[PDB]
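Shown below: input37.txt, with compact mmCIF, C-alpha atoms.
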```txt
# COMPACT_ATOMS: atom_id res chain seq x y z
CA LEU A 188 -2.88 180.68 129.75
CA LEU A 189 -2.37 181.78 133.41
CA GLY A 190 -5.52 179.85 134.37
CA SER A 191 -4.14 176.79 132.54
CA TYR A 192 -0.46 176.27 133.39
CA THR A 193 2.62 178.38 134.40
CA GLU A 194 2.84 181.21 136.98
CA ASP A 195 1.53 178.77 139.58
CA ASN A 196 4.04 179.89 141.33
CA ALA A 197 1.07 181.16 143.41
CA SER A 198 2.59 184.65 144.09
CA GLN A 199 2.45 185.42 140.32
CA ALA A 200 -1.09 183.96 140.20
CA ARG A 201 -2.24 186.15 143.19
CA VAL A 202 -1.19 189.45 141.56
CA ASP A 203 -2.98 188.65 138.28
CA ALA A 204 -5.97 187.13 140.20
CA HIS A 205 -6.45 190.51 141.93
CA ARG A 206 -6.06 192.10 138.46
CA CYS A 207 -8.75 189.63 137.13
CA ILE A 208 -11.28 190.98 139.68
CA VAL A 209 -10.38 194.52 138.46
CA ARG A 210 -10.62 193.31 134.77
CA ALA A 211 -14.17 191.98 135.45
CA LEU A 212 -15.25 195.34 136.94
CA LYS A 213 -13.31 197.36 134.25
CA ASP A 214 -15.36 196.24 131.21
CA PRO A 215 -19.19 196.14 131.82
CA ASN A 216 -19.26 193.51 129.00
CA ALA A 217 -17.43 191.07 131.34
CA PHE A 218 -20.70 190.04 133.10
CA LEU A 219 -19.92 189.35 136.81
CA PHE A 220 -18.44 185.94 137.69
CA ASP A 221 -19.33 184.17 134.43
CA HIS A 222 -15.91 184.26 132.73
CA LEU A 223 -14.19 182.85 135.86
CA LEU A 224 -16.86 180.09 136.22
CA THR A 225 -16.78 179.06 132.53
CA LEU A 226 -13.52 177.06 132.45
CA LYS A 227 -10.43 176.52 134.72
CA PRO A 228 -10.04 179.97 136.66
CA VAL A 229 -12.67 179.42 139.46
CA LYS A 230 -11.40 175.81 139.62
CA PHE A 231 -7.84 177.14 140.16
CA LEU A 232 -7.97 180.24 142.44
CA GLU A 233 -8.95 180.24 146.15
CA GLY A 234 -12.28 181.84 147.06
CA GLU A 235 -11.74 183.62 150.37
CA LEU A 236 -7.97 183.25 150.94
CA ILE A 237 -6.43 186.67 150.02
CA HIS A 238 -8.22 186.97 146.63
CA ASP A 239 -11.66 188.13 147.97
CA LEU A 240 -13.02 186.19 144.92
CA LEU A 241 -16.23 184.63 146.33
CA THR A 242 -17.25 188.03 147.79
CA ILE A 243 -17.98 189.24 144.22
CA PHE A 244 -19.96 186.00 143.64
CA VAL A 245 -21.99 186.68 146.86
CA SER A 246 -22.60 190.36 145.80
CA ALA A 247 -23.84 189.15 142.39
CA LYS A 248 -26.39 186.72 143.94
CA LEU A 249 -27.64 189.07 146.66
CA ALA A 250 -28.33 191.56 144.02
CA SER A 251 -28.18 195.02 145.57
CA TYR A 252 -26.40 198.37 146.05
CA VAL A 253 -26.28 197.48 149.79
CA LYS A 254 -24.24 194.31 149.03
CA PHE A 255 -21.70 196.28 146.98
CA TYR A 256 -21.67 199.05 149.67
CA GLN A 257 -20.87 196.38 152.33
CA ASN A 258 -18.30 194.49 150.23
CA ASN A 259 -16.53 197.15 148.07
CA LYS A 260 -12.96 198.36 148.55
CA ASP A 261 -11.03 201.64 148.25
CA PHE A 262 -9.25 201.18 144.90
CA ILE A 263 -12.39 200.48 142.82
CA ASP A 264 -14.85 202.82 144.62
CA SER A 265 -12.47 205.85 144.38
CA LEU A 266 -12.57 205.91 140.53
CA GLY A 267 -15.36 204.60 140.92
CA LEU A 268 -17.78 201.64 140.63
CA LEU A 269 -21.02 203.71 141.03
CA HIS A 270 -22.36 203.54 137.42
CA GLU A 271 -21.24 199.95 136.85
CA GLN A 272 -23.30 198.68 139.82
CA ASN A 273 -26.48 199.85 138.01
CA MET A 274 -25.29 198.09 134.81
CA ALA A 275 -24.63 194.96 136.93
CA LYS A 276 -28.09 195.25 138.59
CA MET A 277 -29.77 195.49 135.15
CA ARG A 278 -28.14 192.28 133.88
CA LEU A 279 -28.38 190.13 137.05
CA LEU A 280 -32.04 190.74 138.09
CA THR A 281 -33.47 190.54 134.54
CA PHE A 282 -31.75 187.17 134.10
CA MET A 283 -32.57 185.85 137.64
CA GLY A 284 -36.37 186.58 137.61
CA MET A 285 -36.88 185.06 134.14
CA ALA A 286 -34.63 182.10 135.03
CA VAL A 287 -36.65 181.23 138.22
CA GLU A 288 -40.30 182.28 137.51
CA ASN A 289 -40.01 180.47 134.89
CA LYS A 290 -39.61 182.41 131.76
CA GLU A 291 -42.34 184.95 130.82
CA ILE A 292 -42.26 187.49 133.75
CA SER A 293 -44.90 190.20 134.38
CA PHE A 294 -44.14 193.93 133.88
CA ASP A 295 -45.44 194.78 137.36
CA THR A 296 -43.03 192.29 138.98
CA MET A 297 -40.14 193.60 136.83
CA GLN A 298 -40.79 197.22 137.94
CA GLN A 299 -40.60 196.07 141.60
CA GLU A 300 -37.45 193.94 140.95
CA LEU A 301 -35.55 196.66 139.03
CA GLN A 302 -37.05 199.41 141.31
CA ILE A 303 -37.79 201.84 138.43
CA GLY A 304 -40.81 202.96 136.29
CA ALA A 305 -42.68 200.99 133.62
CA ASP A 306 -41.13 202.91 130.70
CA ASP A 307 -37.72 202.68 132.47
CA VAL A 308 -38.18 198.84 132.56
CA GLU A 309 -38.91 198.95 128.79
CA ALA A 310 -35.72 201.04 128.29
CA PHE A 311 -33.72 198.46 130.33
CA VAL A 312 -35.35 195.74 128.15
CA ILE A 313 -34.12 197.44 124.89
CA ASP A 314 -30.43 197.21 125.88
CA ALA A 315 -30.98 193.75 127.43
CA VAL A 316 -32.22 192.85 123.88
CA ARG A 317 -29.20 194.69 122.28
CA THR A 318 -26.86 192.71 124.64
CA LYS A 319 -28.84 189.57 123.62
CA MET A 320 -29.18 188.28 127.18
CA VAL A 321 -32.88 187.94 126.25
CA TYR A 322 -33.96 187.74 122.59
CA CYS A 323 -37.51 187.72 121.18
CA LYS A 324 -40.29 190.27 120.60
CA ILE A 325 -41.51 192.02 123.81
CA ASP A 326 -45.24 191.96 124.71
CA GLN A 327 -46.99 194.77 126.65
CA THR A 328 -47.59 193.56 130.25
CA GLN A 329 -46.98 189.79 130.44
CA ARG A 330 -44.56 187.62 128.38
CA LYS A 331 -42.05 190.48 128.84
CA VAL A 332 -38.57 189.01 128.22
CA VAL A 333 -37.83 185.50 126.96
CA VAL A 334 -35.11 183.12 125.65
CA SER A 335 -31.27 183.32 125.07
CA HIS A 336 -30.29 182.55 128.71
CA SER A 337 -26.65 183.38 127.86
CA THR A 338 -25.42 184.27 131.45
CA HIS A 339 -23.94 181.76 133.98
CA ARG A 340 -26.22 179.43 135.98
CA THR A 341 -23.71 176.73 137.20
CA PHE A 342 -25.52 173.47 138.15
CA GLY A 343 -28.80 174.96 136.81
CA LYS A 344 -27.20 174.93 133.35
CA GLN A 345 -25.33 171.58 133.89
CA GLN A 346 -28.58 169.83 134.98
CA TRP A 347 -30.32 171.47 131.98
CA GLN A 348 -27.62 169.95 129.70
CA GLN A 349 -28.21 166.46 131.23
CA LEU A 350 -31.96 166.93 130.56
CA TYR A 351 -31.15 168.18 126.99
CA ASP A 352 -28.88 165.11 126.31
CA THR A 353 -31.83 162.81 127.14
CA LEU A 354 -34.03 164.91 124.80
CA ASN A 355 -31.38 164.98 121.99
CA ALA A 356 -30.80 161.21 122.16
CA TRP A 357 -34.53 160.43 121.88
CA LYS A 358 -35.15 163.02 119.13
CA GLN A 359 -32.08 162.46 116.88
CA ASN A 360 -32.39 158.64 116.84
CA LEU A 361 -36.21 158.70 116.31
CA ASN A 362 -35.99 161.29 113.50
CA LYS A 363 -33.05 159.39 111.95
CA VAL A 364 -35.29 156.25 111.93
CA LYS A 365 -38.08 158.22 110.15
CA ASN A 366 -35.67 159.79 107.59
CA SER A 367 -34.08 156.33 107.00
CA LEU A 368 -37.45 155.14 105.64
CA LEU A 369 -37.70 158.24 103.41
CA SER A 370 -34.27 158.60 101.72
CA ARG B 265 -53.38 179.22 74.53
CA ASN B 266 -53.75 182.28 72.23
CA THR B 267 -51.54 180.55 69.59
CA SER B 268 -53.72 177.39 69.67
CA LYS B 269 -56.95 179.41 69.55
CA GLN B 270 -55.61 181.33 66.51
CA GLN B 271 -54.83 178.08 64.61
CA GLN B 272 -58.22 176.51 65.63
CA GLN B 273 -60.16 179.54 64.35
CA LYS B 274 -58.31 179.08 61.03
CA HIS B 275 -58.42 175.22 60.85
CA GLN B 276 -62.00 174.61 61.99
CA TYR B 277 -64.01 177.85 62.01
CA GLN B 278 -63.12 179.03 58.44
CA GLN B 279 -63.57 175.53 56.93
CA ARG B 280 -66.92 174.99 58.70
CA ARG B 281 -68.37 178.18 57.14
CA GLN B 282 -66.80 177.38 53.77
CA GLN B 283 -68.56 173.97 53.77
CA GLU B 284 -71.77 175.71 55.08
CA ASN B 285 -71.60 178.12 52.07
CA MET B 286 -70.44 175.48 49.51
CA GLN B 287 -73.36 173.20 50.48
CA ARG B 288 -75.77 176.16 50.04
CA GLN B 289 -74.31 176.90 46.56
CA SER B 290 -74.50 173.19 45.49
CA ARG B 291 -71.46 172.60 44.09
CA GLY B 292 -70.89 171.68 40.41
CA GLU B 293 -71.69 173.64 37.25
CA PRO B 294 -72.02 171.54 34.04
CA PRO B 295 -71.70 173.84 30.87
CA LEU B 296 -68.74 176.02 31.98
CA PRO B 297 -67.00 176.62 35.38
CA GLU B 298 -67.47 176.89 38.55
CA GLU B 299 -66.20 180.48 39.03
CA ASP B 300 -66.83 180.88 42.78
CA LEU B 301 -66.07 177.16 43.32
CA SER B 302 -62.59 177.96 41.87
CA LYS B 303 -62.32 180.97 44.25
CA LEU B 304 -63.16 178.86 47.37
CA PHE B 305 -60.38 177.26 49.49
CA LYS B 306 -56.96 178.94 49.50
CA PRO B 307 -54.65 178.36 52.56
CA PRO B 308 -54.64 180.82 55.52
CA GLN B 309 -51.13 181.22 57.09
CA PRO B 310 -51.66 178.25 59.47
CA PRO B 311 -53.47 175.49 57.53
CA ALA B 312 -51.88 173.04 60.00
CA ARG B 313 -48.80 172.30 62.14
CA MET B 314 -47.15 175.43 63.68
CA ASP B 315 -44.64 173.02 65.34
CA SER B 316 -41.75 175.55 65.62
CA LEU B 317 -43.78 177.45 68.27
CA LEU B 318 -45.50 174.33 69.73
CA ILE B 319 -42.44 172.08 70.34
CA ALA B 320 -40.44 174.96 71.84
CA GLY B 321 -43.52 175.67 74.03
CA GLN B 322 -43.65 172.04 75.26
CA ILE B 323 -39.89 171.99 76.10
CA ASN B 324 -40.46 175.16 78.18
CA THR B 325 -43.57 173.69 79.96
CA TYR B 326 -41.47 170.54 80.69
CA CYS B 327 -38.82 172.91 82.19
CA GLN B 328 -41.63 174.59 84.22
CA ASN B 329 -42.86 171.16 85.47
CA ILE B 330 -39.25 170.33 86.54
CA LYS B 331 -39.21 173.63 88.53
CA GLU B 332 -42.59 172.68 90.12
CA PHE B 333 -41.18 169.19 90.94
CA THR B 334 -37.94 170.56 92.53
CA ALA B 335 -39.98 173.16 94.49
CA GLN B 336 -42.35 170.36 95.67
CA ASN B 337 -39.33 168.18 96.66
CA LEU B 338 -37.90 171.10 98.71
CA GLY B 339 -41.35 171.53 100.37
CA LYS B 340 -41.77 167.79 101.20
CA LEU B 341 -38.52 167.66 103.19
CA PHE B 342 -38.88 171.15 104.76
CA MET B 343 -42.35 170.14 106.10
CA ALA B 344 -40.86 166.88 107.42
CA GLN B 345 -37.88 168.66 109.11
CA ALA B 346 -40.13 171.36 110.64
CA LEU B 347 -42.52 168.74 112.12
CA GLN B 348 -39.63 166.45 113.25
CA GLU B 349 -37.71 169.09 115.28
CA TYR B 350 -40.70 170.54 117.22
CA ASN B 351 -42.49 167.60 118.85
CA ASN B 352 -39.77 166.51 121.35
```
structure tokens encoding of this file:
Amino acid sequence: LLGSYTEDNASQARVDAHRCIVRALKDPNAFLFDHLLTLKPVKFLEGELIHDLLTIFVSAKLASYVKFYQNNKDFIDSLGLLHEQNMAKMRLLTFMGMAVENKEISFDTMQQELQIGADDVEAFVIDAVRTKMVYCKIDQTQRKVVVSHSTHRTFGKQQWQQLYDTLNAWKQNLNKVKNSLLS
Amino acid sequence: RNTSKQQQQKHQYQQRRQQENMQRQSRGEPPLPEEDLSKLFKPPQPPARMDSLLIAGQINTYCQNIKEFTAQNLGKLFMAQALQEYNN
């Protein structure tokens, strides 16, 4: 509702925009920037001007404790954001490797990316599977985590949709022609 | 199948041996009966036509064939849908 219309009135928007950054860090279910990206909010609130909004988006991409340690701020690190950074690291890297590589990542790579043991990577994979950010049976050393792709990917999900539309239009019309000779 | 085999062993198999025996005996006695000729042939419990079991059987096999047909019709279209979605 705030991201749609009313309280714009930018002073009212600023105070809840700062609260929205806190709300994203407050629940580790809130991904990182994904909820803001998904509809009007990122297309309504300034990135750098006062909000500090794109800083979180930069920390998410550059994927490290060092980026949070550079970019964090007194209110959230006092309580504080130490555990949640590891939960963030687990979701972002596991998605990013599989998204780029492209889609059947080696165990050996994943240990280097997550910076933890083999059995620790398998433990991270279990709750990645419980989250359903990845979702099929896990093989031993290669073909480690596959499918779902639920997370944000901006233009790399928009371009995928444009490719899927082309695929859907060919497939649905062609299969309708076959089933219209067989009904 | 057991019901048909039971009637066949009464219809054919008993009668075949009775004619086998009656042809050996030869089969007409002119001064007086015909004692064992009089004894021969008396109906077993199926002499023919156990239709009450048979017709009810056939209606059930027709119901079974309808279940095979509906299962086949489900399989025809499931195979088509499975092939159609994958290859594009």
Checklist entry - For residue 279 in chain A, which of A:305, A:238, A:219, A:265 is the closest residue, counting all atoms listed in the file? => result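 Result for the nearest residue to residue 279 in chain A: A:219.
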Practice item. Quick one: everything within 10 Å of residue 309 in chain A, counting only C-alpha atoms, minus sequence neighbours fewer than 5 positions away in the same chain. Send it as a VMD selection string. Key: chain A and resid 294 297 to 298 304 314 to 315 325 327 331 to 332
Check which residues of chain A sit at most 12 Å from chain B using all atoms listed in the file, and return one row each with the closest pair of atoms and their distance in Å to one decimal, ordered by chain and rising number, as a Markdown table.
```
| residue | atom | partner | partner_atom | distance |
| --- | --- | --- | --- | --- |
| A:351 | CA | B:352 | CA | 10.4 |
| A:353 | CA | B:352 | CA | 10.5 |
| A:354 | CA | B:352 | CA | 6.9 |
| A:355 | CA | B:352 | CA | 8.6 |
| A:356 | CA | B:352 | CA | 10.5 |
| A:357 | CA | B:352 | CA | 8.0 |
| A:358 | CA | B:352 | CA | 6.2 |
| A:359 | CA | B:349 | CA | 8.8 |
| A:360 | CA | B:348 | CA | 11.2 |
| A:361 | CA | B:348 | CA | 9.0 |
| A:362 | CA | B:348 | CA | 6.3 |
| A:363 | CA | B:348 | CA | 9.7 |
| A:364 | CA | B:348 | CA | 11.2 |
| A:365 | CA | B:348 | CA | 8.9 |
| A:366 | CA | B:344 | CA | 8.8 |
| A:369 | CA | B:341 | CA | 9.5 |
| A:370 | CA | B:341 | CA | 10.1 |
```
Residues within 8 Å of residue 272 in chain A, please, as an MDAnalysis selection string. Count all atoms listed in the file; anything in the same chain fewer than 4 positions from it doesn't count. chainID A and resid 252 255 268 276
In Å and to one decimal, CA of residue 270 in chain A is distant from CA of residue 214 in chain A by 11.9 Å
Original post:
What separation in Å, quoted to one decimal, exists between CA of residue 226 in chain A and CA of residue 339 in chain A?
Top reply: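 Separation of CA of residue 226 in chain A and CA of residue 339 in chain A: 11.5 Å.
Nearest-residue note for residue 293 in chain A: choosing from A:319, A:330, A:340, A:205, the minimum distance belongs to A:330, counting all atoms listed in the file.
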**Q.** Contact residues around range 294-307 of chain B with all atoms listed in the file at 9 Å, ignoring same-chain residues under 6 positions, as a list in words
**A.** residues 279, 282 and 286 of chain B
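CA of residue 311 in chain A sits 10.6 Å away from CA of residue 273 in chain A.
With all atoms listed in the file as the atoms that count, the residue of A:229, A:223, A:217, A:283 with the shortest distance to residue 248 in chain A is A:283.
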ask   = Near residue 275 in chain B, counting all atoms listed in the file, which residues have an atom at most 7 Å away, once you skip same-chain residues fewer than 4 positions from it, shown as a ChimeraX atom specification?
value = /B:271,279,311-312
Neighbour list for residue 282 in chain A as a compact mmCIF listing (two decimals) with C-alpha atoms, keeping the file's coordinate frame, cut-off 8 Å, all atoms listed in the file, skip fewer than 3 positions in-chain:
```
# COMPACT_ATOMS: atom_id res chain seq x y z
CA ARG A 278 -28.14 192.28 133.88
CA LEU A 279 -28.38 190.13 137.05
CA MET A 285 -36.88 185.06 134.14
CA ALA A 286 -34.63 182.10 135.03
CA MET A 320 -29.18 188.28 127.18
CA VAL A 321 -32.88 187.94 126.25
CA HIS A 336 -30.29 182.55 128.71
CA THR A 338 -25.42 184.27 131.45
```
Start from the incomplete input, build N, CA and C atoms for range 294-318 of chain A, and deliver everything as a PDB file, keeping the file's coordinate frame.
```pdb
ATOM      1  N   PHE A 294     -44.679 192.576 133.902  1.00  0.00           N
ATOM      2  CA  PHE A 294     -44.140 193.930 133.880  1.00  0.00           C
ATOM      3  C   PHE A 294     -44.068 194.563 135.258  1.00  0.00           C
ATOM      4  N   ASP A 295     -45.132 194.336 136.024  1.00  0.00           N
ATOM      5  CA  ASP A 295     -45.440 194.780 137.360  1.00  0.00           C
ATOM      6  C   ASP A 295     -44.454 194.236 138.375  1.00  0.00           C
ATOM      7  N   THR A 296     -44.104 192.942 138.236  1.00  0.00           N
ATOM      8  CA  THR A 296     -43.030 192.290 138.980  1.00  0.00           C
ATOM      9  C   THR A 296     -41.685 192.913 138.653  1.00  0.00           C
ATOM     10  N   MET A 297     -41.396 193.076 137.348  1.00  0.00           N
ATOM     11  CA  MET A 297     -40.140 193.600 136.830  1.00  0.00           C
ATOM     12  C   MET A 297     -39.835 195.033 137.265  1.00  0.00           C
ATOM     13  N   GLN A 298     -40.868 195.897 137.339  1.00  0.00           N
ATOM     14  CA  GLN A 298     -40.790 197.220 137.940  1.00  0.00           C
ATOM     15  C   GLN A 298     -40.391 197.198 139.413  1.00  0.00           C
ATOM     16  N   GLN A 299     -40.974 196.284 140.209  1.00  0.00           N
ATOM     17  CA  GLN A 299     -40.600 196.070 141.600  1.00  0.00           C
ATOM     18  C   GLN A 299     -39.193 195.507 141.777  1.00  0.00           C
ATOM     19  N   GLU A 300     -38.795 194.507 140.963  1.00  0.00           N
ATOM     20  CA  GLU A 300     -37.450 193.940 140.950  1.00  0.00           C
ATOM     21  C   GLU A 300     -36.374 194.957 140.575  1.00  0.00           C
ATOM     22  N   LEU A 301     -36.544 195.692 139.461  1.00  0.00           N
ATOM     23  CA  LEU A 301     -35.550 196.660 139.030  1.00  0.00           C
ATOM     24  C   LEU A 301     -35.631 197.978 139.802  1.00  0.00           C
ATOM     25  N   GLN A 302     -36.777 198.258 140.455  1.00  0.00           N
ATOM     26  CA  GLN A 302     -37.050 199.410 141.310  1.00  0.00           C
ATOM     27  C   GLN A 302     -37.069 200.730 140.544  1.00  0.00           C
ATOM     28  N   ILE A 303     -37.778 200.754 139.402  1.00  0.00           N
ATOM     29  CA  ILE A 303     -37.790 201.840 138.430  1.00  0.00           C
ATOM     30  C   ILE A 303     -39.168 201.849 137.784  1.00  0.00           C
ATOM     31  N   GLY A 304     -39.511 202.870 136.963  1.00  0.00           N
ATOM     32  CA  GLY A 304     -40.810 202.960 136.290  1.00  0.00           C
ATOM     33  C   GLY A 304     -41.077 201.916 135.233  1.00  0.00           C
ATOM     34  N   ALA A 305     -42.301 201.909 134.676  1.00  0.00           N
ATOM     35  CA  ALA A 305     -42.680 200.990 133.620  1.00  0.00           C
ATOM     36  C   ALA A 305     -41.892 201.204 132.328  1.00  0.00           C
ATOM     37  N   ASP A 306     -41.843 202.451 131.865  1.00  0.00           N
ATOM     38  CA  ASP A 306     -41.130 202.910 130.700  1.00  0.00           C
ATOM     39  C   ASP A 306     -39.605 202.798 130.866  1.00  0.00           C
ATOM     40  N   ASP A 307     -39.085 203.003 132.098  1.00  0.00           N
ATOM     41  CA  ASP A 307     -37.720 202.680 132.470  1.00  0.00           C
ATOM     42  C   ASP A 307     -37.389 201.186 132.352  1.00  0.00           C
ATOM     43  N   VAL A 308     -38.304 200.285 132.782  1.00  0.00           N
ATOM     44  CA  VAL A 308     -38.180 198.840 132.560  1.00  0.00           C
ATOM     45  C   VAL A 308     -38.118 198.510 131.079  1.00  0.00           C
ATOM     46  N   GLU A 309     -38.974 199.115 130.236  1.00  0.00           N
ATOM     47  CA  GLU A 309     -38.910 198.950 128.790  1.00  0.00           C
ATOM     48  C   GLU A 309     -37.587 199.421 128.197  1.00  0.00           C
ATOM     49  N   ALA A 310     -37.045 200.566 128.656  1.00  0.00           N
ATOM     50  CA  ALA A 310     -35.720 201.040 128.290  1.00  0.00           C
ATOM     51  C   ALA A 310     -34.584 200.091 128.673  1.00  0.00           C
ATOM     52  N   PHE A 311     -34.629 199.505 129.885  1.00  0.00           N
ATOM     53  CA  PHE A 311     -33.720 198.460 130.330  1.00  0.00           C
ATOM     54  C   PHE A 311     -33.835 197.198 129.463  1.00  0.00           C
ATOM     55  N   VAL A 312     -35.068 196.818 129.080  1.00  0.00           N
ATOM     56  CA  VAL A 312     -35.350 195.740 128.150  1.00  0.00           C
ATOM     57  C   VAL A 312     -34.743 195.945 126.764  1.00  0.00           C
ATOM     58  N   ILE A 313     -34.750 197.172 126.191  1.00  0.00           N
ATOM     59  CA  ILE A 313     -34.120 197.440 124.890  1.00  0.00           C
ATOM     60  C   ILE A 313     -32.638 197.076 124.867  1.00  0.00           C
ATOM     61  N   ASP A 314     -31.850 197.496 125.869  1.00  0.00           N
ATOM     62  CA  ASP A 314     -30.430 197.210 125.880  1.00  0.00           C
ATOM     63  C   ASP A 314     -30.094 195.831 126.454  1.00  0.00           C
ATOM     64  N   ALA A 315     -31.019 195.188 127.196  1.00  0.00           N
ATOM     65  CA  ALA A 315     -30.980 193.750 127.430  1.00  0.00           C
ATOM     66  C   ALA A 315     -31.140 192.934 126.137  1.00  0.00           C
ATOM     67  N   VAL A 316     -32.066 193.352 125.247  1.00  0.00           N
ATOM     68  CA  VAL A 316     -32.220 192.850 123.880  1.00  0.00           C
ATOM     69  C   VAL A 316     -31.021 193.183 122.990  1.00  0.00           C
ATOM     70  N   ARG A 317     -30.435 194.401 123.019  1.00  0.00           N
ATOM     71  CA  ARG A 317     -29.200 194.690 122.280  1.00  0.00           C
ATOM     72  C   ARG A 317     -27.989 193.879 122.723  1.00  0.00           C
ATOM     73  N   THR A 318     -27.834 193.647 124.043  1.00  0.00           N
ATOM     74  CA  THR A 318     -26.860 192.710 124.640  1.00  0.00           C
ATOM     75  C   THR A 318     -27.080 191.274 124.179  1.00  0.00           C
TER      76      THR A 318
END
```
